[PDB]
Amino acid sequence: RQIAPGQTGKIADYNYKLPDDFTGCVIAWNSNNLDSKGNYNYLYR
Amino acid sequence: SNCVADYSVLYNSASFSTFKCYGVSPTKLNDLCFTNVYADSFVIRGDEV
């Protein structure tokens with residue numbers, strides 16, 4: 001829900017960020033089938 | 001009233017599901033000063049928040 005132009009949150013300002021006037025698409029899917037183990041090798045800043 | 005308010009401690013806390021602000025931006029709160037806050041306190045079902 002944070003991956004939007006101008007959003008702010010615990011991901012969407014401390015690391016990754018979309019322009020305040022973006023042109024584009026965001027595409028996401030659930031991946032608990034394959035990326036879960038727990039899997040500590042996924043990290044943020 | 002009559003006190004200094006570091007919001008960084010609250011905003012960087014992982015304790016919160018939401019921090020939505022409706023006439024000021026939470027990033028800029030430390031750069032503001034105002035007359036009074038008034039904190040309103042209660043509990044509800046999560047589906048009603």
# chains A, B, ... in the order shown; residues from 1 in each chain; ligands from 1
>>> residues_around(residues="stretch 27-36 of chain B", least_positions_apart="4", cutoff="7 Å", atoms="only C-alpha atoms", output="PDB file with N, CA, C and O atoms, in the first residue's frame")
ATOM      1  N   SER B   1       0.144  21.453  26.993  1.00  0.00           N
ATOM      2  CA  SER B   1       0.520  22.864  26.898  1.00  0.00           C
ATOM      3  C   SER B   1       1.812  23.139  27.669  1.00  0.00           C
ATOM      4  O   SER B   1       2.166  22.422  28.605  1.00  0.00           O
ATOM      5  N   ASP B   6       9.153  16.455  20.815  1.00  0.00           N
ATOM      6  CA  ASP B   6       9.861  15.659  19.807  1.00  0.00           C
ATOM      7  C   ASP B   6       8.989  14.504  19.279  1.00  0.00           C
ATOM      8  O   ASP B   6       8.894  13.439  19.892  1.00  0.00           O
ATOM      9  N   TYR B   7       8.378  14.687  18.111  1.00  0.00           N
ATOM     10  CA  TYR B   7       7.553  13.666  17.465  1.00  0.00           C
ATOM     11  C   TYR B   7       8.361  12.527  16.834  1.00  0.00           C
ATOM     12  O   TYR B   7       7.786  11.505  16.464  1.00  0.00           O
TER      13      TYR B   7
END
>>> closest_atom_pairs(of="chain B", to="chain A", cutoff="10 Å", atoms="only C-alpha atoms", output="Markdown table")
| residue | atom | partner | partner_atom | distance |
| --- | --- | --- | --- | --- |
| B:11 | CA | A:10 | CA | 9.3 |
| B:12 | CA | A:10 | CA | 8.0 |
| B:13 | CA | A:10 | CA | 9.6 |
| B:14 | CA | A:10 | CA | 8.5 |
| B:18 | CA | A:9 | CA | 9.3 |
| B:19 | CA | A:9 | CA | 8.9 |
| B:20 | CA | A:8 | CA | 9.8 |
| B:25 | CA | A:8 | CA | 9.6 |
| B:26 | CA | A:8 | CA | 9.2 |
| B:27 | CA | A:8 | CA | 8.8 |
>>> select_by_dssp(residues="chain B", states="alpha helix (DSSP H)", output="NGL selection string")
:B and (8-11)
>>> closest_residue(among="A:45, A:24, A:35, A:29", to="residue A:12", atoms="only C-alpha atoms")
A:45
>>> atom_distance(atom1="atom CA of residue A:28", atom2="atom CA of residue A:15")
18.0 Å
>>> atom_distance(atom1="atom CA of residue A:33", atom2="atom CA of residue A:1")
20.8 Å
>>> closest_residue(among="A:4, A:32, A:42, A:37", to="residue A:19", atoms="only C-alpha atoms")
A:4
>>> residues_around(residues="stretch 5-7 of chain A", least_positions_apart="2", cutoff="6 Å", atoms="only C-alpha atoms", output="JSON, numbers by chain")
{"A": [2, 18, 19, 20, 22]}
